[PDB]
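Next up: just one chain, as structure tokens, the form deposited in one PDB entry.
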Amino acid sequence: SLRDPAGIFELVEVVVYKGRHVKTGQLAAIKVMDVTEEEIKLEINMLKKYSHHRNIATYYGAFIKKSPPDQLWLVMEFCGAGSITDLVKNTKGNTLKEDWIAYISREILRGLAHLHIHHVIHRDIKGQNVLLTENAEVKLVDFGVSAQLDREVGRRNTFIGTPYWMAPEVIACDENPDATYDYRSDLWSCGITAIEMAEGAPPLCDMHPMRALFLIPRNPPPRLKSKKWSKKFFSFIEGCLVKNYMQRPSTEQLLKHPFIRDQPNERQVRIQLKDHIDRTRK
């Protein structure tokens, strides 16, 4: 069975949380997901294999902090440098250098390719859920655990969250009454996350959520506001954001996109991000 984390792990502050292994002082990242009084344990134990990939935060264990008056704690490796969303927020002009966006986007795609190959959909790709280590490595938070929880109807799948990263196919309407979706929905999210890095927020961020939900299936694909960006960047965004998912490139195709595939300054970019992380952290 799954334990209560007391005396094993404790929450420090939020970043997903900074958590601490109580007995050893080792740090961990803790994804807190409310849950309903078993088979949670089972899925985690199937999926945890997958978290070993370098671009996914490795699973440490899982715990539930009971109870009515429940909460799942997904414990994973600590990424000291915080989320890419915090990075952009703490960056002047709320925008990252294009070649930083190329590096980070590729790392996200490598992590996703790993899940997708094994028929896992992440379902929650956004800047908030992509973390950085001190050495500026890029790791996805979660690896299908929250995806499985969003499946079950019940008292802990009663809310619709933010719509800004949702692909068109995820949003029901009369020609799409069953909100049919697959792994390619994660790639639309990656595109939205790339804009997030470029502009500081996803498109439609200033719109009422309900209205954004209405506009996504009906508006053309979002584009970068500014023309300062390269043709290759615009092209990468276009690929992530193919309106009809049936024609959207897969993860392996996007990994071959010139924006992603050709990064002659990688070593330097990592060095720049590392320094930027230091200068900008709060």
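The first residue of the sequence shown is number 1, and the count goes up from there. Here, rigid core means the biggest group of C-alpha atoms that superpose within 1.5 Å across both forms.
Across the other PDB entries of this protein whose models span the neighbouring residues, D150 goes unmodelled in a third or more. The deposited sequence places 4 to 9 unmodelled residues between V15 and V16.
Unmodelled stretch separating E37 from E38: 1 to 3 residues (count of deposited-sequence residues without coordinates). Stretch comparison (186-194 versus 111-119) by mean CA B-factor in the PDB entry places 111-119 on top. The mean C-alpha temperature factor is higher for 148-156 when 148-156 and 85-93 are set side by side. Reading the B-factor column for the CA atoms of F63, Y245, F236, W229 in the entry, the top value corresponds to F63. Among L254, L215, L241, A29, the highest C-alpha B-factor in the deposited entry belongs to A29.
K49: CA B factor in the highest third of modelled residues in this chain (values from the PDB entry). Remark: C79 belongs to the middle third of its chain, ranked by C-alpha B-factor as recorded. Placement of the Cα temperature factor of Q71 within the chain: highest third of the modelled residues, per the deposited record. When the CA B factors of the chain's modelled residues are split into thirds, the value for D178 lands in the highest one. Per the deposited record, the Cα B-factor of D206 falls in the middle third when ranked against the other modelled residues of its chain.
We do not show the form deposited in another entry, though everything after this point is about it.
Comparing the two forms between the shown form and the other one on the rigid core, the single residue of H53, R248, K31, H257 with a CA shift of 2 Å or greater is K31. Core-aligned CA deviation for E266 between the shown form and the other one: less than 2 Å. Once both forms are fitted on their rigid core, the CA atom of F63 lies 2 Å or more apart between the shown form and the other one.
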